[PDB]
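Everything below concerns the one structure shown next.
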Amino acid sequence: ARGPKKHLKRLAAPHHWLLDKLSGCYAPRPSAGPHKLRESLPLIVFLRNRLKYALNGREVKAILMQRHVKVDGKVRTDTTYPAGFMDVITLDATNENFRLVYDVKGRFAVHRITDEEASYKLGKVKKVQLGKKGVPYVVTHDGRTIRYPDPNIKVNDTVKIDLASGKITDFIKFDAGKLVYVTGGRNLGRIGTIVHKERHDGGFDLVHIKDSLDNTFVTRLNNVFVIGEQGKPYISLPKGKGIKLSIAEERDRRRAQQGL
Amino acid sequence: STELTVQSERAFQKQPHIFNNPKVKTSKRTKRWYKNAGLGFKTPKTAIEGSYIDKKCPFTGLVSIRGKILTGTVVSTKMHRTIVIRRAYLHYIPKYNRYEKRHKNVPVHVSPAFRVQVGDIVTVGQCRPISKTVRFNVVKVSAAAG
Amino acid sequence: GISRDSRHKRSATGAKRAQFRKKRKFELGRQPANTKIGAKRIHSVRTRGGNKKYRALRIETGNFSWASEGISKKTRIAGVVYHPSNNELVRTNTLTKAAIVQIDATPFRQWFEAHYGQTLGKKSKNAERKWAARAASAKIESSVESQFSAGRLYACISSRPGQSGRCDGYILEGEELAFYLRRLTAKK
RNA sequence: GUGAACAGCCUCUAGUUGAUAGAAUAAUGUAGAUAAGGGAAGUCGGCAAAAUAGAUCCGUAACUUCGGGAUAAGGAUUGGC
RNA sequence: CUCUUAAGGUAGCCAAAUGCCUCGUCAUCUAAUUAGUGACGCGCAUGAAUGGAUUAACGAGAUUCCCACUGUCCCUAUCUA
RNA sequence: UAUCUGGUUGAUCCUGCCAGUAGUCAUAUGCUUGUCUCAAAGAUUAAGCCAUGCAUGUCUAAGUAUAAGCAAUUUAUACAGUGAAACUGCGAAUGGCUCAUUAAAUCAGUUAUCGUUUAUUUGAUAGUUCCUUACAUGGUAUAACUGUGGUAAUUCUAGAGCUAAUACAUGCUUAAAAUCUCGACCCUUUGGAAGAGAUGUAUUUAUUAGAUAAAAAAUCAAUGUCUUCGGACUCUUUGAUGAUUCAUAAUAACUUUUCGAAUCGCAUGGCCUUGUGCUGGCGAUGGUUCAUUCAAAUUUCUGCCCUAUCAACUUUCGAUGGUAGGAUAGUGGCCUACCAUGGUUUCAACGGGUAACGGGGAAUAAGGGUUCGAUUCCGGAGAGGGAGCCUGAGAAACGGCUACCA
RNA sequence: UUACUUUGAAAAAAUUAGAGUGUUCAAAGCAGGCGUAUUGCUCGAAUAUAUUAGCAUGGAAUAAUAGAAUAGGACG
RNA sequence: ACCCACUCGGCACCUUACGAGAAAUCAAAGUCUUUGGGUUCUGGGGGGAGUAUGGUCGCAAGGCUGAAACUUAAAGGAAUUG
RNA sequence: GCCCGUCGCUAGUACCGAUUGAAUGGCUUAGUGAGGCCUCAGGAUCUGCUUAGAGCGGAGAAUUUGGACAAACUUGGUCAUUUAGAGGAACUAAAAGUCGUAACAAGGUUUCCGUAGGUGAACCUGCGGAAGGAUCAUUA
Ligand SMILES: NC[C@@H]1O[C@H](O[C@H]2[C@@H](O)[C@H](O[C@@H]3[C@@H](O)[C@H](N)C[C@H](N)[C@H]3O[C@H]3O[C@H](CO)[C@@H](O)[C@H](O)[C@H]3N)O[C@@H]2CO)[C@H](N)[C@@H](O)[C@@H]1O
Ligand SMILES: NC[C@@H]1O[C@H](O[C@H]2[C@@H](O)[C@H](O[C@@H]3[C@@H](O)[C@H](N)C[C@H](N)[C@H]3O[C@H]3O[C@H](CO)[C@@H](O)[C@H](O)[C@H]3N)O[C@@H]2CO)[C@H](N)[C@@H](O)[C@@H]1O
Ligand SMILES: NC[C@@H]1O[C@H](O[C@H]2[C@@H](O)[C@H](O[C@@H]3[C@@H](O)[C@H](N)C[C@H](N)[C@H]3O[C@H]3O[C@H](CO)[C@@H](O)[C@H](O)[C@H]3N)O[C@@H]2CO)[C@H](N)[C@@H](O)[C@@H]1O
Ligand SMILES: NC[C@@H]1O[C@H](O[C@H]2[C@@H](O)[C@H](O[C@@H]3[C@@H](O)[C@H](N)C[C@H](N)[C@H]3O[C@H]3O[C@H](CO)[C@@H](O)[C@H](O)[C@H]3N)O[C@@H]2CO)[C@H](N)[C@@H](O)[C@@H]1O
Ligand SMILES: NC[C@@H]1O[C@H](O[C@H]2[C@@H](O)[C@H](O[C@@H]3[C@@H](O)[C@H](N)C[C@H](N)[C@H]3O[C@H]3O[C@H](CO)[C@@H](O)[C@H](O)[C@H]3N)O[C@@H]2CO)[C@H](N)[C@@H](O)[C@@H]1O
Ligand SMILES: [Mg+2]
Ligand SMILES: [Mg+2]
Ligand SMILES: [Mg+2]
Ligand SMILES: [Mg+2]
Ligand SMILES: [Mg+2]
Ligand SMILES: [Mg+2]
Ligand SMILES: [Mg+2]
Ligand SMILES: [Mg+2]
Ligand SMILES: [Mg+2]
Ligand SMILES: [Mg+2]
Ligand SMILES: [Mg+2]
Ligand SMILES: [Mg+2]
Ligand SMILES: [Mg+2]
Ligand SMILES: [Mg+2]
Ligand SMILES: [Mg+2]
Ligand SMILES: [Mg+2]
Ligand SMILES: [Mg+2]
Ligand SMILES: [Mg+2]
Ligand SMILES: [Mg+2]
Ligand SMILES: [Mg+2]
Ligand SMILES: [Mg+2]
Ligand SMILES: [Mg+2]
Ligand SMILES: [Mg+2]
Ligand SMILES: [Mg+2]
Ligand SMILES: [Mg+2]
Ligand SMILES: [Mg+2]
Ligand SMILES: [Mg+2]
Ligand SMILES: [Mg+2]
Ligand SMILES: [Mg+2]
Ligand SMILES: [Mg+2]
Ligand SMILES: [Mg+2]
Ligand SMILES: [Mg+2]
Ligand SMILES: [Mg+2]
Ligand SMILES: [Mg+2]
Ligand SMILES: [Mg+2]
Ligand SMILES: [Mg+2]
Ligand SMILES: [Mg+2]
Ligand SMILES: [Mg+2]
Ligand SMILES: [Mg+2]
Ligand SMILES: [Mg+2]
Ligand SMILES: [Mg+2]
Ligand SMILES: [Mg+2]
Ligand SMILES: [Mg+2]
Ligand SMILES: [Mg+2]
Ligand SMILES: [Mg+2]
Ligand SMILES: [Mg+2]
Ligand SMILES: [Mg+2]
Ligand SMILES: [Mg+2]
Ligand SMILES: [Mg+2]
Ligand SMILES: [Mg+2]
Ligand SMILES: [Mg+2]
Ligand SMILES: [Mg+2]
Ligand SMILES: [Mg+2]
Ligand SMILES: [Mg+2]
Ligand SMILES: [Mg+2]
Ligand SMILES: [Mg+2]
Ligand SMILES: [Mg+2]
Ligand SMILES: [Mg+2]
Ligand SMILES: [Mg+2]
Ligand SMILES: [Mg+2]
Ligand SMILES: [Mg+2]
Ligand SMILES: [Mg+2]
Ligand SMILES: [Mg+2]
Ligand SMILES: [Mg+2]
Ligand SMILES: [Mg+2]
Ligand SMILES: [Mg+2]
Ligand SMILES: [Mg+2]
Ligand SMILES: [Mg+2]
Ligand SMILES: [Mg+2]
Ligand SMILES: [Mg+2]
Ligand SMILES: [Mg+2]
Ligand SMILES: [Mg+2]
Ligand SMILES: [Mg+2]
Ligand SMILES: [Mg+2]
Ligand SMILES: [Mg+2]
Ligand SMILES: [Mg+2]
Ligand SMILES: [Mg+2]
Ligand SMILES: [Mg+2]
Ligand SMILES: [Mg+2]
Ligand SMILES: [Mg+2]
Ligand SMILES: [Mg+2]
Ligand SMILES: [Mg+2]
Ligand SMILES: [Mg+2]
Ligand SMILES: [Mg+2]
Ligand SMILES: [Mg+2]
Ligand SMILES: [Mg+2]
Ligand SMILES: [Mg+2]
Ligand SMILES: [Mg+2]
Ligand SMILES: [Mg+2]
Ligand SMILES: [Mg+2]
Ligand SMILES: [Mg+2]
Ligand SMILES: [Mg+2]
Ligand SMILES: [Mg+2]
Ligand SMILES: [Mg+2]
Ligand SMILES: [Mg+2]
Ligand SMILES: [Mg+2]
Ligand SMILES: [Mg+2]
Ligand SMILES: [Mg+2]
Ligand SMILES: [Mg+2]
Ligand SMILES: [Mg+2]
Ligand SMILES: [Mg+2]
Ligand SMILES: [Mg+2]
Ligand SMILES: [Mg+2]
Ligand SMILES: [Mg+2]
């Protein structure tokens, strides 16, 4: 249709932004990012619709243009900038930090981590190849390309990544019984460990999973993110820790802490 | 289906960047390039040991099989290096809670390695538009019937 | 402009399909530049997404490779002789791929005699050092040598002159040399 | 010889060169030609004249006693080397 | 029902090469049509081998129109024997 | 949210339709009309025609200011605040509208790119440029502007004279190796050796590696070390894929030789032989390849309504396939050349109709269904009808141009 | 060896169904709720769906399909 | 050849309704709201009408195929009493 | 009683129909062919390299060779959808006209079928059916 599409319509936006039907015809349309705007958080959504710090469209700009926000160590000027999975978002004048991690319903959760643990990030290595001159390279989910990596790292690992500089502080391989966060799907936002990886030649390997409460379920290998060693993530998970409590179970817990 | 010395065309027939040197001498004078299609598909005897060129062959050629892999029975051999397969299937029409018998014909390139005839349930897989209609190459051949 | 679409064609059933939409640039095609011998003239084409194709218009003198020797020198490209697609290109002396042209043999003769030391087809003590080692590899072919007597060699254009702008090729050897020989003599 | 051809046109053999003759070149005739633009307005009536034309390929309607109509109609081609 | 003289125009066809009135009337063709065609028919005076109706193909038969064509015309001029 | 009643007879039971009843995010119309919330609305007839207005423009500290521009009174005598114009930059390909085309087409769900293009965005990537004479930074050219002008008339412009750049055209610049060739002279053996080139990246071709699964001795050319006249042989370099001629590297060349920072803003620090020497801070804009992102292009499988008073269809002149080429961003009869005679069909082709854009959905509420979808979302098409094209990363664009028809 | 059958994955949001919640009721909306109301706490935005095709999976009844007849069969 | 008993396969017939049907009736016209063994053909109020049109077959008469506009509340079946 | 057909009037729908009938759109053979694009050229003007003056390079307007794309005009055909028409010939409505009384009673010649011919009209006759008949019946 003649070129790039510069608009997004409300009701066409990602559901996990939790926008309201009325109030406008349009969503922000995240910028061209490290993350696919399908799965991503525009800064305006985070600040205005989650942190509830900004009340306006014009107000979100007054924050960024006041130099306040950074992301993954670097200041981010862009209103629609698509902060994705495993990001940082430091605000000095508010002293806080947030690592973006999914709910157990699958939305980006508003999750505060301390002045450390916002040092480093994890990312899933999407490909590892040979660059110019023979220089090997590796790139994460968020499009970080890191050069001269560890010969052990293959696709479908994770990498612990210093921010202020870069490169690679150790890593975690992919084999039986590792800690895993589910990137997207029916089971998106869950956490668990590897019961088996069903191999499929010519695409779409099934990855079997078991969580802390001993439930089984499967998703796509491409959505299987290794978050660390079994029972010990490398980052801080929020309440419920991606446990997928049943809808029936939910009702009780709401009417449990509800009383006197 | 008996091919001649295979060098008959107004152009010379050779696989790309396959060079057997005139100065150096081997026992079988010219080299041969074959490959492994994948998906557990045995790349047969005649490919490696044949004289044919067929730039469209799943082995010994420049194509690559990816995507779907389908089956069906050979209907028309009448073409040259391609054939017609007929994949039969039923179709569910819910109003009557019943099936109707449809079918589709797939033009598919066949390597001179394989030998096929009207008959012959045959396994076939999709590699890029090679010609017009044909998106599929013959990768596997079983026998026909009784 | 010319259209590369498949929907101006007929369905494999044979039916003629109505025109569904207009012509769009990305399905276009453009005119052949039929490149013939002559003082170098090469036109730029602004391709898809910017970049450049290079139209060969008049092409003399482009790079050629002697296979077995592993060496490549530049020569004149006299004209065409054979061509598998259209003799019209032969007659008109147009340069495309698969061309089977004729090239200046002399820069290809010079390298040999200044390498193997034997003059082709009939002091500096450091040199006789080298020419001593390189011998016993010094027989080429009866069919590849004889053309040096004439001064022009049988070569096949492997570039796409209207595309790259270079017209390049490789001297014919082996049975490929024989194949086009049995053509030239038993055709013309 | 050209050509489908005992056509028309030119020719070998053979036969003729016979049809009163000289000078001019008005009108009107007889016979032969060509006409700008219009195109049957001429006329009893297109009378006369003009247009068509060989061959190859293509395409060829109603009607019909199914044999025709048909060269229907409509188009393209044509030398030399 | 009558009537002179045996019957009393059936099937068909028509201003027809048969219609006086008559350039019949209606439609069609045309700028305009005593023309043509299609209709209508108490048809002066169509009509059944005195053959009636139809009819493909054929025609130096009679008739109307269309396209092409043209000195037929506007409107005449020039050339040759 | 599993219902029926009225009407054919003298009366009767059936068949059977007509009639009643109810619903409609379904349209019109009539009569009537007070309050809150909510809010469809020239789709249908005619993608018929349209006076006028509006709808696309855009500057940060950070490209270009000598405005006969405003402004204080500038340490501001190169500039410096503000800042029209104009230059360069980017956008104008998004939106919004409409449903006219379109029946395997679009479209849906589902694959493909080991078949390509990609502004931007994010992440990395560059010591090599001259060769035998700016690097304290080459050269002109122009807009705005001023001034002389033409036309009834337009977002028309002529010619005269100035002046800028991240415009246009140019163009130097830096480590240590190491491997290649070629080779003055020394002259015997198992013999050698200065110093003259070549090596960034990209373009083009050719060739080479990109390998291994289980172990042992014989062969030839010349070496590849090495020790003490005895000759020993110690060692094979892969990253990835279901899969490659993949990534990446190697040699020989090729090229109207691509990029390799003559670029701006804030600061004003540190050294010492003090020359305005040498060195330095965070930024902005760029730039080569790569990945990423926003996309694009094609693509696998299966699925459309009425129609046989449409049964054969395609193949001149591409119909189906093979080869070669050409063209494209790239696959492919996309086009050309040559060659074969293929391809679809009663499991309904081909053809015709559609008061047909497809879908998400909507109405109806036993079940099974019937009917509808111009229309808020997605995809598609179009801008009176057709075609052609310039700019561009992206257009076959129409609030762009060119032609024809109307 | 298919057809079939189960489980799953991958399925847009709206819409339908449906949980929750006192928009004063409601149609809706996806808000809200408790407070010390002097620089505060905090649970949400569930859930299930056209069942054709594709993909992965368990099932082997039903119905199909192949297999040694001039043995050119199996096996070491 | 005749008689008798048995048994297939026929053209019918009788009684009973086991059932079925609106009934007349039906050993199928049963095994049907306890609705499915397989399969072929046709019908969807009465007219208009087997008309018009196209096609096709025939020497022709004709056959085969076969509409719509419009019109109408009945038409019809079986049985009952008159 | 019911009841058929012609005939006679009133209104309505469609049909056939001379007009080589009109109209709109799609696909089209032929002829012609704008425009930009590619290409062979051209060279108003302006202009750089090596050496008044000569040799070889770059920039470039009008104009132009050839080519593909190709609107569009003319003339034909084909398919679709709509439509005018003198006249023709049906059918349908409205009722207690005219003619006779075909069918319903053995309807007064049982009715009906296919076919064939004939007749103002319903109908009549021939052949072969059927029973839906006015006969389920002559081992007598
Ligand atoms: N005939 C000799 C050559 O064999 C070649 O093929 C052989 C090997 O070169 C080829 O090797 C593949 C290679 O193709 C591919 N691009 C990369 C891969 N890692 C190699 O190795 C592959 O095969 C080897 C066995 O050979 C396996 O051990 C290995 O797991 C597998 N990845 O696997 C083939 C095994 O028979 C080519 N056909 C051709 O160059 C030539 O014919
Ligand atoms: N059929 C053509 C053949 O060639 C010739 O015929 C050609 C010519 O003689 C003839 O010429 C005629 C001329 O005679 C006649 N009296 C007048 C007419 N205008 C001319 O004809 C020409 O005229 C002009 C061009 O000049 C065009 O407009 C017209 O279409 C054309 N036919 O046109 C003929 C072609 O149509 C010979 N008569 C004969 O060999 C044969 O007829
Ligand atoms: N002009 C004919 C039209 O036919 C239409 O429909 C007709 C047919 O489509 C329909 O079916 C007929 C059937 O009657 C007839 N006796 C048998 C015939 N096979 C069927 O035919 C129909 O179905 C078959 C498949 O069975 C198709 O192959 C055929 O093309 C189709 N016409 O029945 C109708 C004929 O009775 C409508 N009736 C109407 O539009 C009109 O009558
Ligand atoms: N709205 C986001 C999503 O869009 C989707 O849209 C569909 C299409 O856009 C997309 O289609 C293909 C895709 O399969 C494939 N993997 C990539 C391809 N580029 C896409 O196709 C694209 O290009 C084609 C050709 O030019 C266009 O016709 C098409 O509109 C465009 N989307 O595939 C999607 C699923 O079939 C779906 N509607 C749905 O999953 C969801 O709404
Ligand atoms: N809108 C009027 C015209 O439509 C033309 O386009 C027409 C065509 O694209 C298309 O016409 C189709 C045709 O393609 C197809 N092959 C046959 C079909 N019957 C035609 O259909 C057309 O005409 C029929 C009547 O014949 C109408 O019933 C129908 O609504 C109409 N679409 O439909 C359009 C007609 O509406 C042109 N765009 C242009 O000349 C003009 O705008
Ligand atoms: Mg945005
Ligand atoms: Mg998608
Ligand atoms: Mg074959
Ligand atoms: Mg084309
Ligand atoms: Mg002859
Ligand atoms: Mg003669
Ligand atoms: Mg005389
Ligand atoms: Mg005289
Ligand atoms: Mg005279
Ligand atoms: Mg005369
Ligand atoms: Mg003349
Ligand atoms: Mg004249
Ligand atoms: Mg004239
Ligand atoms: Mg004329
Ligand atoms: Mg006349
Ligand atoms: Mg006259
Ligand atoms: Mg007259
Ligand atoms: Mg005459
Ligand atoms: Mg004359
Ligand atoms: Mg013929
Ligand atoms: Mg006939
Ligand atoms: Mg003719
Ligand atoms: Mg005729
Ligand atoms: Mg010729
Ligand atoms: Mg009479
Ligand atoms: Mg008389
Ligand atoms: Mg009579
Ligand atoms: Mg008679
Ligand atoms: Mg008369
Ligand atoms: Mg008359
Ligand atoms: Mg007559
Ligand atoms: Mg007369
Ligand atoms: Mg007349
Ligand atoms: Mg008259
Ligand atoms: Mg008459
Ligand atoms: Mg009369
Ligand atoms: Mg009369
Ligand atoms: Mg009279
Ligand atoms: Mg008489
Ligand atoms: Mg007589
Ligand atoms: Mg008589
Ligand atoms: Mg008479
Ligand atoms: Mg007669
Ligand atoms: Mg005649
Ligand atoms: Mg005549
Ligand atoms: Mg005549
Ligand atoms: Mg005559
Ligand atoms: Mg004349
Ligand atoms: Mg009744
Ligand atoms: Mg009703
Ligand atoms: Mg409208
Ligand atoms: Mg609207
Ligand atoms: Mg748009
Ligand atoms: Mg259509
Ligand atoms: Mg899709
Ligand atoms: Mg200059
Ligand atoms: Mg100027
Ligand atoms: Mg000037
Ligand atoms: Mg390579
Ligand atoms: Mg930057
Ligand atoms: Mg054929
Ligand atoms: Mg064409
Ligand atoms: Mg091909
Ligand atoms: Mg090709
Ligand atoms: Mg291509
Ligand atoms: Mg054929
Ligand atoms: Mg439509
Ligand atoms: Mg619809
Ligand atoms: Mg729609
Ligand atoms: Mg319902
Ligand atoms: Mg229901
Ligand atoms: Mg029901
Ligand atoms: Mg519409
Ligand atoms: Mg509609
Ligand atoms: Mg839309
Ligand atoms: Mg308009
Ligand atoms: Mg630009
Ligand atoms: Mg468009
Ligand atoms: Mg627009
Ligand atoms: Mg346009
Ligand atoms: Mg507009
Ligand atoms: Mg709801
Ligand atoms: Mg069974
Ligand atoms: Mg039921
Ligand atoms: Mg009926
Ligand atoms: Mg009949
Ligand atoms: Mg008929
Ligand atoms: Mg009765
Ligand atoms: Mg009437
Ligand atoms: Mg034409
Ligand atoms: Mg032209
Ligand atoms: Mg009438
Ligand atoms: Mg008539
Ligand atoms: Mg009477
Ligand atoms: Mg009476
Ligand atoms: Mg009677
Ligand atoms: Mg009597
Ligand atoms: Mg009587
Ligand atoms: Mg009586
Ligand atoms: Mg009687
Ligand atoms: Mg009776
Ligand atoms: Mg009689
Ligand atoms: Mg009469
Ligand atoms: Mg009856």
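Cβ placement follows ideal geometry from the backbone for every residue including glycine, while neighbour counts extend to all protein chains displayed. All of this is worked out from the model, or read from it or from the source named; nothing here is a laboratory result.
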Yes/no for A:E59 being part of a loop (DSSP other than H, G, I, E, B), among the acidic types (D, E) and more than 16 Å from ligand 9 (Cβ to nearest atom): no
Answer residue from the stretch C:5-19, given it is within 37 Å of the chain's Cα centre (by Cα) and part of a loop (DSSP other than H, G, I, E, B) and is farthest from ligand 6 (Cβ to nearest atom) among those: C:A12
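Conditions (1) closer than 19 Å to A:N49 by Cβ; (2) touching a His at 6+ places or on another chain (Cβ under 9 Å); (3) within 16 Å of RNA strand I (Cβ to nearest atom); (4) away from chain B (no Cβ under 14 Å), marked per residue:
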| position | (1), (2), (3), (4) |
| --- | --- |
| A:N95 | no, no, no, yes |
| A:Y102 | yes, yes, no, yes |
| A:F108 | yes, yes, no, yes |
| A:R112 | yes, no, no, yes |
| A:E116 | no, no, no, yes |
| A:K127 | no, no, no, yes |
| A:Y137 | no, no, no, yes |
Residues of the stretch B:33-69 satisfying the condition of being among the basic types (K, R) and more than 14 Å from chain C (Cβ to nearest Cβ): B:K35, B:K42, B:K45, B:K56, B:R66, B:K68
Some residue of the stretch B:78-87 being assigned to a loop (DSSP other than H, G, I, E, B), within 13 Å of the chain's Cα centre (by Cα) and more than 13 Å from every other protein chain (Cβ to nearest Cβ): yes
Filter result (surrounded by 11 or more Cβ atoms within 10 Å (Cβ to Cβ) and either within 16 Å of ligand 8 (Cβ to nearest atom) or at positive phi (or both)) within the stretch C:1-39: C:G38
Pick from the stretch A:62-85, criterion more than 13 Å from RNA strand F (Cβ to nearest atom) and surrounded by fewer than 18 Cβ atoms within 10 Å (Cβ to Cβ), ranking: nearest to A:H141 (Cα to Cα): A:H68
Boolean, A:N97 is under 27 Å from A:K244 (Cα atoms), more than 16 Å from ligand 8 (Cβ to nearest atom) and either in contact with a strand residue (DSSP E or B) (Cβ under 6 Å, 6 or more places away or on another chain) or in a strand (DSSP E or B) (or both): yes
Selection count where residues are within 11 Å of chain C (Cβ to nearest Cβ) and in contact with a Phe, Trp or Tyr (Cβ under 6 Å, 6 or more places away or on another chain), scope the stretch B:1-17: 1
The lone exception for C:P32 - which of (1) away from every other protein chain (no Cβ under 14 Å); (2) within 6 Å of RNA strand F (Cβ to nearest atom); (3) part of a strand (DSSP E or B) it fails: (3)
All positions within the stretch B:47-68 that are surrounded by fewer than 16 Cβ atoms within 10 Å (Cβ to Cβ) and within 16 Å of ligand 8 (Cβ to nearest atom): B:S51, B:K55
Checklist (1) buried (at least 20 other Cβ atoms within 10 Å of the Cβ); (2) within 14 Å of chain B (Cβ to nearest Cβ); (3) touching a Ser or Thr at 6+ places or on another chain (Cβ under 8 Å) applied to C:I103, failing item: (2)
Any hit, the stretch B:106-123, residues being surrounded by fewer than 12 Cβ atoms within 10 Å (Cβ to Cβ) and either within 16 Å of ligand 6 (Cβ to nearest atom) or within 27 Å of B:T2 (Cβ to Cβ) (or both): yes
Residue among A:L47, A:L64, A:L55, A:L43 that alone is away from ligand 6 (no atom under 16 Å from the Cβ), assigned by CATH to the domain that holds A:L100 and among the aliphatic types (A, V, I, L, M): A:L55
Enumeration of residues in the stretch C:1-19 that are within 14 Å of chain B (Cβ to nearest Cβ) and hydroxyl-bearing (S, T, Y): C:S6, C:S11, C:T13
Single unsatisfied condition, C:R166 versus (1) surrounded by fewer than 19 Cβ atoms within 10 Å (Cβ to Cβ); (2) over 30 Å from C:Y54 (Cα atoms): (2)
Unique residue being more than 16 Å from the chain's Cα centre (by Cα), closer than 30 Å to C:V101 by Cα, away from chain B (no Cβ under 14 Å) and more than 16 Å from ligand 6 (Cβ to nearest atom) when the list is C:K73, C:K52, C:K22: C:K52
Selection from the stretch A:119-137 of residues that are more than 24 Å from A:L37 (Cβ to Cβ) and either surrounded by 19 or more Cβ atoms within 10 Å (Cβ to Cβ) or among the polar types (S, T, N, Q) (or both): A:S119, A:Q129
Scope the stretch C:159-188; condition at the interface with chain B (Cβ under 10 Å from one of its Cβ atoms), under 14 Å from C:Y82 (Cα atoms) and not in a helix (DSSP H, G or I); matching residues: C:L172
The stretch B:23-46 residues that are away from RNA strand F (no atom under 11 Å from the Cβ), paired with ones that are not basic (K, R) (beta carbon under 6 Å, 6 or more apart): B:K23/C:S68; B:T30/B:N20; B:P44/B:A113; B:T46/B:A113
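Of everything in the stretch A:107-138, what is outside any loop (DSSP other than H, G, I, E, B) and touching a helix residue (DSSP H, G or I) at 6+ places or on another chain (Cβ under 7 Å)? Give them in sequence order. So that I can check it myself, show each step before the final result.
Pass one, the stretch A:107-138, residues outside any loop (DSSP other than H, G, I, E, B): A:108-109, A:112, A:120-124, A:127-130, A:132-134, A:136-138.
Residue satisfying the conditions is A:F108 alone.
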Criterion violated by C:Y82 - all others in (1) surrounded by fewer than 20 Cβ atoms within 10 Å (Cβ to Cβ); (2) within 14 Å of chain B (Cβ to nearest Cβ) satisfied: (1)
Evaluation of C:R55 against (1) in contact with a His (Cβ under 7 Å, 6 or more places away or on another chain); (2) closer than 30 Å to C:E173 by Cβ (one fails), failing number: (2)
Boolean, B:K104 is farther than 19 Å from A:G202 by Cα, within 9 Å of RNA strand F (Cβ to nearest atom), assigned to a strand (DSSP E or B) and within 14 Å of chain C (Cβ to nearest Cβ): yes
Residue in the stretch A:13-36 that is within 14 Å of another protein chain (Cβ to nearest Cβ), away from RNA strand G (no atom under 12 Å from the Cβ) and surrounded by fewer than 18 Cβ atoms within 10 Å (Cβ to Cβ) present: no
Qualifying residue in the stretch A:67-76 (condition: in a loop (DSSP other than H, G, I, E, B), in contact with a strand residue (DSSP E or B) (Cβ under 9 Å, 6 or more places away or on another chain) and β-branched (V, I, T)): no
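Quick one: which of C:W131, C:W111 is away from chain B (no Cβ under 13 Å) and closer than 29 Å to B:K31 by Cβ? Please lay out each step first, then the result.
Working: C:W131 fails: closer than 29 Å to B:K31 by Cβ.
Of C:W131, C:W111, the one residue that is away from chain B (no Cβ under 13 Å) and closer than 29 Å to B:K31 by Cβ is C:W111.
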